[PDB]
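Letters A, B, C, D and E mark the chains as written, and numbering starts fresh at 1 in each.
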Amino acid sequence: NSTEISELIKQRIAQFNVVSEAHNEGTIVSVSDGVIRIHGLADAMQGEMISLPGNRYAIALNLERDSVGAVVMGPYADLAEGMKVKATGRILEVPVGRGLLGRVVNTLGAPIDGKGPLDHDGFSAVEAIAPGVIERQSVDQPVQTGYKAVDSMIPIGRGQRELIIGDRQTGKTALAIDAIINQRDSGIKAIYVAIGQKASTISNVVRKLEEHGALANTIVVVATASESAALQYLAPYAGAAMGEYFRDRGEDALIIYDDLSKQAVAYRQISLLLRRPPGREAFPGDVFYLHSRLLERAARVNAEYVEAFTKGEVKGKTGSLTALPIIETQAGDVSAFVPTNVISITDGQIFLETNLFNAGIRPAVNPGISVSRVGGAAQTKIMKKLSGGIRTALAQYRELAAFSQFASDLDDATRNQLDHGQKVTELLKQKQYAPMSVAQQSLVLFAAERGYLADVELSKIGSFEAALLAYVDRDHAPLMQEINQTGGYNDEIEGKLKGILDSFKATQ
Amino acid sequence: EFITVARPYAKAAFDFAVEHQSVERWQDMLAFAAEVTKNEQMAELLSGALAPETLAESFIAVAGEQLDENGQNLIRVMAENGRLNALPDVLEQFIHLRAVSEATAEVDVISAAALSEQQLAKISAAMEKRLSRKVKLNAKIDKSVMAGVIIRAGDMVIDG
Amino acid sequence: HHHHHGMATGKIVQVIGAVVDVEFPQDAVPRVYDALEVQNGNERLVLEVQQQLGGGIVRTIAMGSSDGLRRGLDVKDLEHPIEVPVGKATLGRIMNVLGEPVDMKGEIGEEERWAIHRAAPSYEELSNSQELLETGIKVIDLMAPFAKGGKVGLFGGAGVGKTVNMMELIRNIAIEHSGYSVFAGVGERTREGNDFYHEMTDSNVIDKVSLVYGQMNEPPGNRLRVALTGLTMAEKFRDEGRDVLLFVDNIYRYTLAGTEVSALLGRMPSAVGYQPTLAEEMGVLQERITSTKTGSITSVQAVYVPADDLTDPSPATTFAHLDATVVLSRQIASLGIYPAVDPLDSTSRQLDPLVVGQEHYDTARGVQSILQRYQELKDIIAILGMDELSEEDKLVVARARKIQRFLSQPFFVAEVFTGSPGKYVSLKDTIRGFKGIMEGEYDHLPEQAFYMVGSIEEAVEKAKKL
Amino acid sequence: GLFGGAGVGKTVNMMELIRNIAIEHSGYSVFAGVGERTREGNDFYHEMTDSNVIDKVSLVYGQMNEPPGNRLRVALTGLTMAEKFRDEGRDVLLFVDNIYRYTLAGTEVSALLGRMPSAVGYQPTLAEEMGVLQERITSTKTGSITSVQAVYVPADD
Amino acid sequence: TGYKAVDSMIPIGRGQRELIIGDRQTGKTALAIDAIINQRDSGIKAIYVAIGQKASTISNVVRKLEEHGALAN
């Protein structure tokens, strides 16, 4: 058993008499794949980083009686067992500075780009407690959908729990990913999680960072196949440290997170290593313990944030922090305990339907397949105002489906509904890659406001008529600035619309 | 009777025994110990108690002080091991241990086992064989070799 | 090579099957893979490394046969934990997993040696390029674009033709070369193998490449080892050539051996009795794949899909690590369709409409729509039969069976299976097909005609007779 | 329990309750909440603002962050004072936060225990806990033990 | 009987295993337990299965034997 020394038994043979020597560094008896049974460094600090041969430091969570062992991200094979330990006094900390927006880095913050520049301050541990209740300020801060049904379907205030949920190979790395673009010139600071990703994704991604040349407003770290899970296990927690430098900087941010589960069972592989009993699918009982830790992080502070780090050079003001969940489903199985505990956990929900994807419809998501408790607080008196019919049309088009089956059962009242629903259906369209004007949002109101449906009746002519429409904007586009600027609903302004309907008569 | 478990214990033994050169002495210690272990009324009591100190003390206590300091700290190992219950097995091992160095014994051929210390297989052995002159004793031999040859024989009858 | 003198030994500690339980000096120490010799009665054998166990006793591995061994046996060791001769001379003759020349030719090969461990390029190190390839593939070349250097995925268990569909892979692969590339196969069948050898002879192409080929019944330890054979194999070339192409076999077996040994290691399986690090092993293997600025490489890959359980976490690591891939329909197969791929399934990340222009993206989209539809009503029929068929729908359905039926065409090399030959195909001609079909241009067109058929001109000749 | 849903403004209902506690009676009543969405508290603060329910304001802490054991454990805490006022014989009411969020709780308990996962890791005390609750509340000879519903439900049917 | 349509629907005699399966909330805990009243004459004594459910059940139940009368049987 653990004793096993026998040779040190010779040592201990009489040395059971005398020991009383506490090294900072004990020999590491034997290893498997980075994790080693080990003895020494008599003093213990739970979850203490521990320096190694080479720079590496490691850590073990389990207080293990009479001996303990641990693993570290890195080359595990170089090492040789029973080496005098290298004690590391510090629990792990991560560098904290606000200047990285244009550059990305290894888990160490080691720029994988190899920018060579280093703009960061100090170093700080990855995980930490969240803010007190009521320290949070509720925040109405809207956000820019770019999928009309994204905002129209759902409003966005700063800080909320995102969902993405949808099948593997559904597009949802670029259905997932394609989302990230609408951010663009937003100006809020952000990062995107990467779980284990294939590099080419990274590269082409960078190219896209030519596509949106911007690329420097915000940075994101990465995970790759070589990566040590420990890297992952902290990797969400890792980013936690940083975005805390924005909210903690008083700034407001969102950080993408996706593909956790990969990390998760990886943490199971830890448990196997832990030789510790997991739950179903080898799932750690932790689960929502972890998800508790990381997931627990996001907030929009209140003027409690008036208490700041500097608390305060005031700046008595409230910070807010949002982020992006992405979920994935094999066969679309809701039973996923991950989606279960998680599902329970999520504040608002997003499902992508391989039907419309299978329809090849530009969107794959289903109305009511995705819902968010946050609701329309973010929706603007105009935006909030004009947006109602969606559900019914949803219902309607959905409900419309009902009689489609019984062929030819219905009259024109129905046909006017159904037609209208086909029409709205059409009205939904989106590019694979497009920016959103959101003055363009105003556009939709016409179909509501403007009859607009009878007009451009032809499928082709409806569709094209969208483009033609968009063009006609150039003819007159003064107020849009004000519009874009105003962000408010003026009855008087509605005149400008009514007259615009003429430009519809004008534009075909 | 894990007894394989003996080695790390058992091994350090010979070495300490080597190093300590006690094996006369250590051998004594072992004799003494197995004796102590044997004690059955004691044995009932022996698994009785949780506190290891209590046993190191009490065991060591009634012991008659054949103990050694290396064997005190070390006995403390076996108790700290908690595995100590089965210890006597090691003596057997220790025997082989002691035996290992230079020893020899014998298997009775058909009668009784000389256990002669003869280190040359089939030679020092042969030396014993010739050394009979012990050729006298029957001790079931004839029934054995006649019955065993007879056994190969009926074996061939079967083969026949 | 150099002695490798003395080194004494571990004694064989315990007989656990092929698992190597044996014990060496205190100082005696390996790497997590390191070079050990031991002569069986017959021959020197070697057991690859142990992870880490104490007492000079650690475990170890073998490509050899365990039986007939005596315990406590002394065991030798070689300095070079792994040494893999790296030649360019190799293209002549195949070799053992040991690299022992598998052809009858003895080969001096080359002194440069390699080892299993290999590593990936820097973030900036590789090159990324859009160059692509198009061929007689009726759809997939059409249905999907293929960039240069791209690793094509094979979907499925075998029986799918995975060897014979794989044989198509040979064909098109065989069809176009315009370069130097090499592929091999392992844990695989000989009739194929020796055939590819005889036909390789006949081909006489072997100069261009040689490949050690592993055998199905082979011992695991080798099987495990074979990947390192792959990586090292590339390493010379990637250095040597900037460019390469290949193909990959039975990676199901890869998983299979790997899991198989896991608990043998005294480990608890990953789920479905998978092996706990199996993914790590995968990120290892796929990670082994690379194409660099200095050089790029292409190959296409196959693991037996176990049983068409898509949930297969094996299949997960597939799509996950997947680069390119294809799928096959045992209904479509079952449809008796010779080509038999899951078209609706397969997809090209590279496919871009902008790249593809609109006509491609568009048209493809349209067919996709049709599929959606025929799938879509397929229910309604099955329920109701067709009696109620909405006119328009009914029409589409015609276009449907027709279009499915339409995809199929002959292949020149294919005359083996079916005596019927076939031909290479021209993309533009396809583009035409897109329209006329989109048109349904030939209204009287025969359905039976369309299947396994030639061009609209050819099918027009059929159409004449047929 | 109250079958209920979001957007209902059920808080309005709750207020009416308290108002009937001091109005209809002497409520001497407090609300329980745990593991919940941060928002309502501010609203509750707002509401505790809006209300005089600040009189009488006990704030049951409501966060989920705690150890699942810590979280789950809150009951007896919730109990002991109503035990005072109902034990004062005084009419006493208290609001209950989560029902099958507490189900999730008791499970997370048994699992955390390393006590063998029951069927689907079923929680051991579901009867002992559930009926421990039962054991808590009755019209008691001293005073009735009156308490508000908790609605949290595993899928909320 | 205790239940007309069941009586008619099924006969009953002593010693025979009877089975019952039914929805909670109705009438389940209630069930026909009132058919204990059906005993009336109570020629054969019987004992109610007791399960840990409710002191209240215990209570209104006590009250119920009362309402019927009498439990001393």
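We adopt the following convention: a contact is a pair of C-beta atoms (placed from the backbone, for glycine too) under 8 Å apart; a residue touches a chain by one contact, two chains touch by 3 or more.
Chain labels with UniProt names: A = ATP synthase subunit alpha; B = ATP synthase subunit delta; C = ATP synthase subunit beta.
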item: Where subunit A and subunit D overlap in contact partners, by chain label; value: none
item: Distance-to-centre winner among chains (Cα means, whole assembly as reference); value: A
item: Maximum centroid distance from subunit D, chain identifier (CA atoms); value: B
item: Distance between the centres, which are taken as Cα means, of subunit B and subunit A, whole angstrom; value: 69
item: Distance between chain centroids, defined by C-alpha means - subunit A, subunit C (Å); value: 34
item: Centroid spacing, where centroids are CA-atom means, of subunit C and subunit D in whole angstrom; value: 59
item: For subunit A, residues contacting two or more additional chains; value: 4, 7
item: Multi-partner residues of subunit B (at least 2 other chains); value: none
item: Two or more partner chains touched - positions in subunit C; value: none
item: Subunit A residues within the subunit C interface of the complex; value: 4, 7, 29-33, 76-77, 80-81, 112-114, 168-169, 196, 198-200, 202-204, 207, 225-226, 262, 265-266, 268-269, 272, 281-282, 330-331, 358-360, 405, 407, 432
item: Contacting residues of subunit A [partner subunit B, same complex]; value: 3-7, 9-10, 12-17
item: Of all residues in subunit A, those that touch subunit D in their complex; value: 130, 133-134, 136, 138, 277, 279, 285, 288-289, 292, 296, 344, 347, 373, 375
item: Contact set on subunit B toward subunit A in their complex; value: 7-9, 11-12, 15-16, 19, 69-70, 72-74, 76-77, 80-81
item: Contacting residues of subunit D [partner subunit A, same complex]; value: 6-7, 37-39, 41-42, 45, 62-65, 68, 104, 108, 111-112, 114, 117, 121
